[PDB]
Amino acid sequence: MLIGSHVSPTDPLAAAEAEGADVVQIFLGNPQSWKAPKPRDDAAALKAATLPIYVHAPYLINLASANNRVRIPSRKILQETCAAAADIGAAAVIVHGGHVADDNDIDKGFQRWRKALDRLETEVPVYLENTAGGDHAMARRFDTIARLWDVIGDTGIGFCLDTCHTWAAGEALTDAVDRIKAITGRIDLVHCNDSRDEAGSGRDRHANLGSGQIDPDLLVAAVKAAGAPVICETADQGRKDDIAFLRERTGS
């Protein structure tokens, strides 16, 4: 499979070559900002290039929120992100599952996700990514993902499995791919991250492979079971070696 990394938005093609990455993932803007993504002077060059570029949508998007002042801007920035991703010829857009405010509102959160998807304008595919923390999430625990998918599974939405998030959620990595695919039928992208924290911590602190607490063989096995392209979302200095390790261990 293609193996790469999450890189700075500044010069994805140079970063990919420096890291030995076959694919990269970027944010278009500040990951934590509500400002619309800005057009890039290099858009035509990125669109023409062969390197696949995945776009991570801003972290504050919460399509499940009951708060109109969150939900409505979330839909708008997701629309803008998909348009900006198409402008650079991106492979896909990744968006986190989001959350509600309290456990009683989970089912309504699924319906808000469906409503957002019923209005989404995109020329590039969108993947939902699982999340790490205890937050009344739509997509932290796999039991919740199963209930979510009963509502949104027919929309065409894809799925990105993040191994650090899975670990932080308390889900076992040994059969995570099998369990997710029994629900979604699909894993379109893997974020292959070690974690600085113990299993089930609910914290999201990525680590270079082997620098954290997840046995690297569990990560390799998950990558092989999924078969999908891989993004290492790990610290800059160790990232070339992370990619090279996975490449060698998967026969890529």
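All residue numbers are counted from 1 along the displayed sequence.
- Annotation for 43-51 versus 180-188: the higher mean temperature factor (C-alpha) is found in 43-51.
- Of the two stretches examined, 29-37 and 223-231, the record assigns the greater average C-alpha temperature factor to 29-37.
- Among the modelled residues of its chain, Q111 has a C-alpha B-factor that falls in the middle third, as given in the PDB entry.
- Per-chain ranking of the deposited C-alpha B factor places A244 in the middle third.
- For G133, the recorded CA temperature factor ranks within the middle third of the chain's modelled residues.
- Among all modelled residues in this chain, the alpha-carbon of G200 has a temperature factor (C-alpha) in the middle third.
- Among the modelled residues of its chain, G158 has a C-alpha B-factor that falls in the lowest third, as given in the PDB entry.
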